[PDB]
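[1] The data below comprise the sequence and an experimental structure of the protein.
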Amino acid sequence: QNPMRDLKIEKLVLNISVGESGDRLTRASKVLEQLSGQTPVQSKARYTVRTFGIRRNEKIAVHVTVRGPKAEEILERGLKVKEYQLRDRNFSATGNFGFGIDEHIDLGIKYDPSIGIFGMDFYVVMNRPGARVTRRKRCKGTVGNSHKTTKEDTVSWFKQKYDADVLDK
Amino acid sequence: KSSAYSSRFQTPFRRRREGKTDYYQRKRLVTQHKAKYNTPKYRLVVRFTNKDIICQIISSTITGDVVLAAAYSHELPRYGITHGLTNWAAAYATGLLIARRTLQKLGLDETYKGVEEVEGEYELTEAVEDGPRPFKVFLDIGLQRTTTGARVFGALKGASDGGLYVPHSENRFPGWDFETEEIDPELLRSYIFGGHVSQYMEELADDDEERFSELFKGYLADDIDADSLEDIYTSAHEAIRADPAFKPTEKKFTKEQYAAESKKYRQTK
Amino acid sequence: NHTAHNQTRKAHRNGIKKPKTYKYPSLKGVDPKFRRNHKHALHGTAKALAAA
Amino acid sequence: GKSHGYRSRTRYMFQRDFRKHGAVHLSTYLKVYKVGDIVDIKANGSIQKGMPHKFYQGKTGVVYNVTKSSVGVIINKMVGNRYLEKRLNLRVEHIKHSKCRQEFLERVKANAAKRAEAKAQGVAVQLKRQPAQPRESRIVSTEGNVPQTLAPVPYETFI
RNA sequence: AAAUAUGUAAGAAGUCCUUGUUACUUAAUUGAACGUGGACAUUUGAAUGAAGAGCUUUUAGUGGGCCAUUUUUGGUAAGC
RNA sequence: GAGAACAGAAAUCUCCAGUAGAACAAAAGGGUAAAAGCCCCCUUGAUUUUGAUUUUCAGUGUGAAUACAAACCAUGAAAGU
RNA sequence: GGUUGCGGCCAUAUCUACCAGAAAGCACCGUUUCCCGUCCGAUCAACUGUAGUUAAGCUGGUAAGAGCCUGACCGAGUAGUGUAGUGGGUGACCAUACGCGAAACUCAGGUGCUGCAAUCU
């Protein structure tokens, strides 16, 4: 097309939400420090529940932001076990999407007897470049209307690159 | 959307809607002690664009703001700095420039010569005994954050070494650690010169020399050898003290030709 | 039981007079840093006009 | 029982005007204040370090002391059967200059420009104000505006 | 967003100019306050009135209130 | 509101809209959006000496504040607080 | 007239949906040695104006608009109101004479002015 209007990637978040703090939560951190190669970060508690074991201001779940090429190759390996096939309901109207997996060891990682059997949530967000004027401090401002990423953009880019075959229903 | 949402909507001030002016900080900057009745409260504005450094001294009135004296960093080729137009040492040179320009305009550049030699130390300007008191000018930095060792404090360093009194403490100057609670002159004389851009020049001379030809593409073609950047920053520093005055650049036109060109583009009502 | 009947007539019968300000108001609540220097300036002027 | 606080029954009096919220604009600080200016007291309930009491809202006082970010004003107040000079210190946000005196001052500098001019001219001229005088003997016209009659309306269809 | 009611001003203890003080303040021989010294000295600066202005001392009685237009508040209404 | 496995009226995570419709210990009112709200950092101006002023008021007391001066400090790059 | 820095007034300055911008400035962008900060050089940090275009930001036009502001032989001397009577009415309330006098609506116009400094083919 033209420079600085393409739908380049921006980051991918590796969410895991089990629901209790302890050895299983530090193993939830260990399965991402040996998947993303970065120092992970957890999540505090939000609101009331007596049926999920979650009460206010406790660490309960884990997620890692990742940028650069490593998010791209983690998506590219998450799609060769998921057939490079993602649904249409999975694709939002606001310019990003995500997808679930029900195991990490399907990805090619190597087993340890003290890991567990639990899946993961790969959410990903992307933008056209020039989208730091939303982020920055001095002289901010929302980007133009023609530059906004939408469902048609993020679907017809995914059909071209990384081979969507998206199930429109 | 609705019209009752727009009826009761309060717009903020214009230079906050744009996002440029910290109306909180400007409040504490322009209010003065009312026993000092109509004394202006000078400020040292420094603003960093992508490839240009601004340094101004401002008074304050109701009818806008008033610029006492100004200084940019795209005019340093008058004294001899070619490249590194947005550098830590370029901001130090701009701080040394605006100090001398304001003191030459005011008539204080001989009584307040600043520091001729520079050695990398934290000092303050002192009052001359039975003399004119030092020119008191307070900083401001925009919306841009403060952090230790930053590009912004090069202008403050240049101001305090050029000899106008700016209140400052050493806990952000580069080399001040949280553990030692002390500034490092070994780091300070290497950041007021090209002692870190040349230290990157040497570590790109033997890491991937195509990147050394990429970043420093206009350096080696202009024959910018790393071993004398200290001296090329030193050399124009004395010519700053020799001639700091703003002489106006010779224009190509006289504003009517600019008006006669741009009025066809301007797309009026 | 707090009726303000006739009270305006009583306060207006002998008039509600002005406090009748003067030249040189009292310097009780003024700024003390200003007050000391005003005392010294007055003492300087008091001899400087006497000696001419 | 009852209540007499420091801000009692000041609901509709201290609240900000419509669409005038936020930090106050910076022209209210650069306006200087000397010792002798006739100043209003209109409070704004944003800053509270120096809000006047509810009686001095709207009243007009005279500055007598000037200090750091605050000025002292003098107000005559009726209590009982005489006036009392309440002096009071106010932060500079609640003090707007009064243009009542400053309309008189430019007229003084104007009558100094006409009286001293005409007294050297040779005509001793008038300078006082005069109220709305009665009109003059005017011959009105009638050219296209014919005086057309009126007749008051009846009550039909009014119901 | 009214009407009645209220704050202030409508000059001489003022307007302006010249240039002294000072330990406060300004970067500064700047600014503040108070001054010296000359000019504005008549319409001394909106109307009406002044049967005089200001200031002090001391002390008697009182410290049980009702009525009416009007506004209104409890009560189910009052010569409540 | 748009979205992502178990995941749901609701576990975490991403983005759009968001004049305050939330929060500020408490009663009701007023105030606040690069804050007075939410996290983090350093703290003890909740200190010392006495005055002046405002509120109920006889312009008594008590409580409460408001603006200074003199020190001694904290914070901040700094103005100031 | 264009752009930038710092602004005064804080919607005639906003929201929307478009369209367009030569130079210059701004901006997006490149890189992670060092100061530097995060989970992540995304904000922040620093280096370099080099690898690249106005797609964004920004500015200016445009719209049967939403607002907002401004003026009314507009609403209407209407509503509410100060004042008087041995005026009416059993009352609610009224009509009078002397005065002050809106507002929402309705119509018509407008969609920033400007201070200081720098820069402009």
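    In hand now; what should we look at? Numbers count the residues shown, from 1 in each chain, chains lettered A, B, ... in the order given.
[2] So the longest helix seen in chain D, near chain B or not?
    With secondary structure taken from DSSP state H, chain D has its longest helix at helix D:99-121. No: residues of helix D:99-121 contacting chain B under CB under 8 Å from any CB of the partner chain: none, with a closest distance of 15.6 Å. Quick note: C-beta positions are derived from backbone N, CA and C, even for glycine.
[3] for that helix, packing partners?
    Contact here means 3 or more CB pairs under 8 Å, 6 or more residues apart in numbering or on different chains; DSSP states H and E; on that basis helix D:99-121 packs against no helix or strand.
[4] Compute the distance between residue D:104 and chain A, please.
    Distance from residue D:104 to chain A, counting by CB to the nearest CB, to the nearest Å: 47 Å.
[5] right, I mislabeled it, should have said residue D:89
    Residue D:89 is 39 Å from chain A, where distance means CB to the nearest CB.
[6] cool, residue C:15 as well?
    According to CB to the nearest CB, residue C:15 and chain A sit 65 Å apart.
[7] quick one: the longest helix of chain D to chain centroid distance?
    Chain-centre distance of helix D:99-121: 21 Å, with CA atoms, centre = their mean, to the nearest Å.
[8] I would like the residues contacting it, please.
    D:38, D:60, D:124, D:125, D:127 (CB atoms under 8 Å, 6 or more residues apart in numbering or on different chains).
[9] Could you point out which of those is nearest to RNA strand F?
    Using CB to the nearest atom of the strand, residue D:60 comes nearest to RNA strand F of the contacts of helix D:99-121, at 15.6 Å.
[10] so what's the residue of chain D found nearest chain A up against?
    Nearest residue of chain D to chain A: residue D:22, at 18.3 Å (CB to the nearest CB). By CB under 8 Å, 6+ apart, residue D:22 lies in contact with B:10, B:12, B:13.
[11] if I look at it, how far off is residue B:143?
    According to CB to CB, to the nearest Å, residue D:22 and residue B:143 sit 17 Å apart.
[12] Please apply the same query to residue A:53.
    Distance of residue A:53 to residue B:143, computed by CB to CB: 43 Å.
[13] What residues sit buried inside stretch B:26-46?
    For stretch B:26-46, the neighbour count (16 or more other CB atoms under 10 Å in any protein chain shown) marks B:26, B:29, B:30, B:31, B:32, B:34, B:41, B:42, B:43, B:44, B:45, B:46 as buried.
[14] right, and the fourth one touches residue D:28 too?
    The one in question is residue B:31. No: contact between residue B:31 and residue D:28 fails when scored by CB atoms under 8 Å: they sit 9.6 Å apart.
[15] Now list whatever residues contact both of those two.
    The contact sets of residue B:31 and residue D:28 overlap at residue D:92 (CB under 8 Å, 6+ apart).
[16] Three-state assignment for the residue sitting nearest the centre point of chain A, please.
    Residue closest to the average C-alpha location in chain A (CA atoms, centre = their mean): residue A:123, at 2.3 Å. Here residue A:123 takes the strand state, with states given by DSSP: H, G, I helix; E, B strand; the rest coil.
[17] how about the helices in chain B?
    Using DSSP H, helices in chain B cover B:4-7, B:14-17, B:23-30, B:88-106, B:153-162, B:185-191, B:197-205, B:209-215, B:217-220, B:229-242, B:256-265.
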